[PDB]
Amino acid sequence: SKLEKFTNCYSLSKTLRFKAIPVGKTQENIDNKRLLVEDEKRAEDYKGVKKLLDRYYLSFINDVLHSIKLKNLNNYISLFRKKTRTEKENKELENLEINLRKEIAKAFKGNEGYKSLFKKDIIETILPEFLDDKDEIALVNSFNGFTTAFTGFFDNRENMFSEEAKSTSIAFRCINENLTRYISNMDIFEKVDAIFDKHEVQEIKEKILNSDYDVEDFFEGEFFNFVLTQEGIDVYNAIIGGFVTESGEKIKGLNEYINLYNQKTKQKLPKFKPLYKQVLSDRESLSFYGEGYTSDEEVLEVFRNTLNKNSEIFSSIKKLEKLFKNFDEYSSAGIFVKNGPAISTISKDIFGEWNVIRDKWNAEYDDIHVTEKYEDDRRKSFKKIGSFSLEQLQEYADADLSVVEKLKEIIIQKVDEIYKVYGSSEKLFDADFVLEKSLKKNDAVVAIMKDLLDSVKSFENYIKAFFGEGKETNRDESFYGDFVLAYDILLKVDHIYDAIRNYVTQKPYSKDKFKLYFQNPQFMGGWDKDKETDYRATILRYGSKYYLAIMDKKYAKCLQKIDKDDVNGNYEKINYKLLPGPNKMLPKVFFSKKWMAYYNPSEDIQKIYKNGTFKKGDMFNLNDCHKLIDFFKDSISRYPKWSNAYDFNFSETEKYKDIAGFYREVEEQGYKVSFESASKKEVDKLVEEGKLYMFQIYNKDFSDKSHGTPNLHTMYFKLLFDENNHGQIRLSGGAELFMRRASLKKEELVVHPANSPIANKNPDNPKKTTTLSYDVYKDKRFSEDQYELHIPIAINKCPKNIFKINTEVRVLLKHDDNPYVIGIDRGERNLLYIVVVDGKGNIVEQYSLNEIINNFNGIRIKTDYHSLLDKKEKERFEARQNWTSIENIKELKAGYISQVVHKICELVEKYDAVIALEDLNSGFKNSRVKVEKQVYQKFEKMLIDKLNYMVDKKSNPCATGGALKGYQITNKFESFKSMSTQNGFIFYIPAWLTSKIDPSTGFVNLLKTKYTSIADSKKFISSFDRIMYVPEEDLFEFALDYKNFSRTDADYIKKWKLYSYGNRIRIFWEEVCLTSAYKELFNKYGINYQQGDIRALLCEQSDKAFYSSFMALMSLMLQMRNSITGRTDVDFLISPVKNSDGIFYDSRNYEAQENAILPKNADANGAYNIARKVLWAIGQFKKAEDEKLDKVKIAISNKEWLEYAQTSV
RNA sequence: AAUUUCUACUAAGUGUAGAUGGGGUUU
RNA sequence: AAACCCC
């Protein structure tokens, strides 16, 4: 099998979460010695200490950058493209680059105390001194010794930036952002000083710092001369925009002073830009994260209650739209609409149809530049267009449409709709509103919130596109000045939406935990026996029960003293030994100056360890290699800590080609799991006294009332301590114990009382009603306090079969005579459909995954998830698409996807098959009641992730595909966009022409039979080779050459005679028989259809209605997929063309056949053809040589597909 | 309507079938 | 605020 070679390929790591149950008096002692109170306190103060840590970071920044008056690069930088230099910004662009770089570098070098800022010292000493509030210092001192909690905070408060770009940087913020708005500072503000009189300037200087001489370089153009870094970002803004002192009168800075010219005297110089404040703090902090939502009264509607500013900007954008007519006068071309999905929507809104704009653009492309390839380049260029000016759209106006004014109508309609829900939300806003049944049961109140939120959100989303791509040249600043102001405040509603939604859609409990340290900052940091007095945590084992023993601070050596009890019971303590990374461990500790004695290495070998000799380059050769290996080998023999711990059976040095062959042995053999015995009695006495704290590592599969297949994470854990595990699964260090407290009360849980019948909810369960002898509660686990043990593991840490997966698959597929492919397609009447084909394209198996059959004991119980979804979708219609119903739908879908992952994994194993899925980064699907793109993307991610280590829970763990020898047939997930060609066994293919194609002929309708005009219909009719009526078979035959029609280059056969066979569902629904209705249209218009070629007679008609109805019957004839929306019984695929044997395909002639040879339905056709597109790719591999198999393009074009389809049959 | 957790459950009576990397860090 | 570090 080809799957068999994909074992031990690469390393992966997982975290297995468990429950820890306090054994014996552990909990009593933990509670008596108050061992979780300081851990909980720390976890509550974590955020507050981080706030104070940031106070120091702010003060650091405002004492370093508030001294940096460097401008050593230039205090002028007057090379700012005023007169584009060096050969039109050739080396001038490089001079602009170097300037930027060096200025940012200056501002960024390790500043005045960069060491004690992001290390332990800040919490230890710096922060306590800086702070002057006893309680604040107390919080900081409660984190002494436990400053490892702030590691990621430290690596984002410093290490998010460095000497680079990105908004995270403070220098980027100061140079590559703030000097951009300060580059407008030497050209014409003094010419705009007509309004800014002498008395005005002096008035505002007497209001701001009088020490500040004037207003200086301010808001003009060209270069800079005063600020550079931060010279009072707020001071600048105080007079750029406006500030209020203590006077009360809003001291117009200079922006309102410009408005005197713009309003009192009506001029058109615009307003100026305020300096971006250093991101809240300087680089981070949080503004609109506005949290606290835990009660039904927190946040209190930040849409018009807490934030009336959101309502204020509805009026702001309303004004902007009425001002659209005057923005015409000042740059209507300047208003751009971002090209994207919104452009199609805006086309429908302004003109009529969604494609108007696209067609008008393609038409211009068709003036200068209809082949398949041609259209690819057309779209490529359209996508590249970043935005469309409003004037460009007025030119693309088909007729007399004023784009700008039409837009104005649309936006005013939208703002009025917001106001409609504002009228309906007055009660919610009232201060005297009363919450009756919570906010998780008051679906009327929830609806009020949702509806208003949606109205606001929709307006905001529509107005978003009116910005453009961002970097345009002409951009009316009189629009794009106040627009950006208002839209930034509107964008805040996405937060409020999500927050209110998440409170309503929350689970009734909490999953909030806190890390426990047991007064040991190095708690459970590893499992090393040598550091059992530092980690103070070990895994014990009695029988099949596994335990977590934690030594007390005072009694850390307690378990090291306990010996076995030959006669009595015995706990087995783990002896965990691991050499962590020989490639670094050995060099570090053996070349060291400490080790410059026992096996002293010389400075030449120290430079081998330094320069880069032993690592890589052309310096690495056998000299250093073998010498170092032998030195390491023998210094390991001189190291009792590594020699007695692991008997390192090595091979000869000559065999070792590189040092890595040697290091592989030191990793494989440098790991041991053993189990030494300890008297159970003594261990239990330690637990009684409080000297040891034992917990049972537990999941429901560790119950004695548990009988079936264990969870795979339980098997992984149990095999960590197994004898057949030889390092395949290792226990990585880094385990954490947490404590999730109770969130629900036991008395308030929904009980199903004892000895009372409980209805069974699966309709396909032969048993309804259950009756238990005990009570069953809802969410029992969250009504009690739980300890959570999170244990990291390492699968395949020493990979042995290292190859490129993608290439190896291609090579194996090229040499497989019968390669099977599993095509999976999301359908309309099916959630997912699976068609497995073989090497020749013969359907070996076709079935829907609507129902999932679980196999417990020997019984198989089916669960139709499609019916479950239908029920939940009816519950989404009732309760007007509320948040909860859609989350229930999404959770059901995610859970269904988990079951399907298993089903697909089994098919891979059964058929040694490659999977064929849809590239979701290309075309679209309709409203298939099924996985939508989001859930199908999650499915593909989960499928990749499962196939990174594919294991069957019901196989012998030491067999291929068993827990210790799983299949790594895909590569690690990177991105959703990286799922586009091959991931290993998964091939992603485009799904164009896979469903609406005839499986037996390959026929696709490439005709556009939508009625346009009488003349176009005559052109259509006469473009046919013959439109006659065959009287023998009673079928009108329409012979066609596709070459006589447009955009049909993809077709291979080109010559197809269509026939009016059978019935079509005209969804207007009606089952129209085509022959009959053609006859009827002809008889209605008095056309003798029995007169041979009737093409000319059809063209001799003149009534537009004949043409429209011939066109509609034409459309229907070419409809292969015919399905009634509602009645699910009726759904089929019917061919207009006959095959070689003279038969038209009907899916209805296959749905009954158990082993159909052609698709049974339309959803089966999709999956069949998805798998046949990969079969094409396998034939492409088969034609190429093995060295260039990785270069074989697996992307099918519609032309090559249609050739394959039309010529394989 | 029980769960390391999630989804579906009751699935044979305190559970069943699958899946399940955690922890910081970002408005 | 999607992907970003360490496991």
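Values reported hereafter were calculated over all heavy atoms of this structure, with side chains retained and with hydrogens, waters and symmetry mates removed. Letters A, B, ... mirror the listed sequences (proteins, then strands); counts begin at 1.
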*At under 4.0 Å, does any side-chain N or O of A:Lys954 touch on OP1 or OP2 of B:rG18?*
yes
*asked:* Say we look at B:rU3 and B:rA12: how far apart would their P atoms be, to the nearest angstrom?
replied: 15 Å
*Electrostatic pair A:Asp54:A:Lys50 at N-O distance under 4.0 angstrom*: no
*Less than 3.5 Å between a donor and an acceptor, one on the side chain of A:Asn854 and one on the base of B:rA11, is that the case here?*
yes
_Taking only side-chain N and O atoms of A:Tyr46, does any of them lie within less than 4.0 angstrom of OP1 or OP2 on B:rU25?_
yes
*Base, sugar-phosphate, or nothing for A:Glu788, non-hydrogen atoms under 4.0 angstrom?*
nothing
*Would you call A:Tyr774 stacked on B:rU14, i.e. ring centres under 5.5 Å apart with the planes less than 30° off parallel?*
yes
*For A:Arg781 and A:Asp779, what are the C-alpha separation, side-chain angles and deciding distance, and is it a salt bridge (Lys or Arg N to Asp or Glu O under 4.0 Å)?*
CA-CA 5 Å; A:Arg781 65 221 173 260; A:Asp779 313 321; 3.6 Å; yes
*asked:* With rounding to the closest Å, how many angstrom separate the P atoms on B:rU25 and B:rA11?
replied: 45 Å
_Let me spell it out: for each of A:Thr15 and A:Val900, pick the nucleotide of RNA chain B with the closest heavy atom. Which residue's pick is nearer the 5' end?_
A:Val900
*Give A:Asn156 one of three labels, base, sugar-phosphate or nothing, depending on what nucleic acid heavy atoms sit under 4.0 Å from its own.*
sugar-phosphate
*Pick base, sugar-phosphate or nothing for A:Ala754, based on heavy-atom distances below 4.0 Å to the nucleic acid.*
nothing
*Parallel, tilted or perpendicular for A:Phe717 and A:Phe18, by the 30°/60° rule?*
tilted
*N/O (side chain, A:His790) to phosphate O (OP1/OP2, C:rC7) under 4.0 Å*: no
_Under 4.0 Å from OP1 or OP2 of B:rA11: is there any side-chain N or O of A:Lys767 that close?_
yes
*Using both distances under 3.5 Å as the test, list the Watson-Crick or G-U wobble partner of C:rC6, or none.*
B:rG22
*asked:* Roughly how many Å apart are B:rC6 and B:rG21, using the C1' atom of each and rounding to a whole number?
replied: 14 Å
_Identity of whatever pairs with B:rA8 - Watson-Crick or G-U, under 3.5 angstrom_ = B:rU16
_I'd like the P distance from B:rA2 over to B:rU16, given in whole Å._
14 Å
*Within the structure shown, what part of the strands sits under 4.0 Å from A:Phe856 by heavy-atom distance: base, sugar-phosphate, or nothing?*
base
*For B:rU10, does either OP1 or OP2 sit under 4.0 Å from a side-chain N or O belonging to A:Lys768?*
no
_Check: B:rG15 base within 3.5 Å donor-acceptor of A:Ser703 side chain_ = no
*Looking across every strand, which nucleic acid part, if any, lies under 4.0 Å from A:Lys778 by heavy atom: base, sugar-phosphate, or nothing?*
sugar-phosphate
*Can you check whether A:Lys14 has a side-chain N or O nearer than 4.0 Å to OP1 or OP2 of B:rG21?*
yes
*asked:* With a cut-off of less than 4.0 Å, is there a side-chain N or O of A:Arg781 near OP1 or OP2 of B:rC6?
replied: yes
*In this structure, which one of A:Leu719, A:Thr15, A:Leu12, A:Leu720 forms a side-chain contact (heavy atoms from CB on, under 4.5 Å) with A:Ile793?*
A:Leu720
*Tell me what A:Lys890 touches on the nucleic acid: a base, only sugar-phosphate, or nothing, going by heavy atoms under 4.0 Å.*
nothing
_Aromatic-base stack, A:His713 on B:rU20, cutoff 5.5 Å, angle under 30_ = yes
*Spell out yes or no: do the side chain of A:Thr770 and the base of B:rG13 have one donor N/O and one acceptor N/O closer than 3.5 Å?*
yes
*Please work out if A:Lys938 contacts a base, only the sugar-phosphate, or nothing of the nucleic acid, heavy-atom cut-off 4.0 Å.*
nothing
*Just by the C1'-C2'-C3'-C4' torsion, is B:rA17 north or south?*
north
*C:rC5 and B:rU20: how far apart are their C1' atoms, nearest whole angstrom?*
23 Å
*Taking side chain as C-beta onward, heavy atoms only, is A:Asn888 less than 4.5 Å from A:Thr505?*
no
*Contact nearer the 5' end of RNA chain C, comparing A:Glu284 with A:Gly734*: A:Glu284
*Presence of donor-acceptor pair under 3.5 Å, side chain of A:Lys511 and base of B:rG22*: no
*Phosphate OP1/OP2 of B:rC6: any A:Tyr509 side-chain N/O under 4.0 Å*: yes
*Select one nucleotide: of B:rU5, B:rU4, B:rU7, the one nearest the side-chain heavy atoms of A:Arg740.*
B:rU5
*Pick the P atom in B:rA8 and in B:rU26, then give their distance to the nearest Å.*
33 Å
*asked:* Using only modelled atom types and a 3.5 angstrom limit, is any donor from either the side chain of A:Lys761 or the base of B:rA1 paired with an acceptor on the other?
replied: yes
*Is the distance between the six-membered ring centres of B:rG15 and B:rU16 below 5.5 Å, and is the angle between those ring planes below 30 degrees?*
yes
_A:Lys946 charged N/C atom sitting above A:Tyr949 aromatic ring, 6.0 Å / 45°_ = no
_Check the orientation of A:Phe153 and A:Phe150. Use parallel for under 30°, tilted for 30 to 60°, and perpendicular for over 60°._
perpendicular
*asked:* Counting the atoms with a prime plus P, OP1 and OP2 as sugar-phosphate, which does A:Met160 contact under 4.0 Å by heavy atoms, base, sugar-phosphate, or nothing?
replied: nothing
*Phosphate OP1/OP2 of B:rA2 contacted by A:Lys700 side-chain N/O (<4.0 Å)*: no
_Of A:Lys19 and A:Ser706, the one whose closest RNA chain B nucleotide lies more 5'_ = A:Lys19
*Do the rings of A:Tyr865 and A:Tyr896 sit parallel, tilted or perpendicular, given the 30° and 60° boundaries?*
tilted
*Given that both distances must come in under 3.5 Å, which nucleotide forms a Watson-Crick or G-U wobble pair with B:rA2?*
none
*Answer with base, sugar-phosphate or nothing: what part of the nucleic acid does A:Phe702 contact at a heavy-atom distance below 4.0 Å?*
nothing
*Identity of whatever pairs with C:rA1 - Watson-Crick or G-U, under 3.5 angstrom*: none
*In whole angstrom, give me the gap between the P atoms of B:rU10 and B:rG23.*
31 Å
*B:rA19 base / A:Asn711 side chain donor-acceptor hit below 3.5 Å*: yes
*asked:* Working note: A:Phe146 + A:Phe143, criterion ring-ring contact (aromatic ring centres under 6.0 Å, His included); need CA distance, chi angles, decisive distance, verdict.
replied: CA-CA 5 Å; A:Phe146 296 94; A:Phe143 262 103; 7.7 Å; no
*Are OP1 or OP2 of B:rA17 and a side-chain N or O of A:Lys862 less than 4.0 angstrom apart?*
no
*How should the glycosidic conformation of B:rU4 be described, syn or anti, under the criterion that syn lies within 90° of 0?*
anti
*Which value, in whole Å, describes the distance between the P atoms of nucleotides B:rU14 and B:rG24?*
36 Å
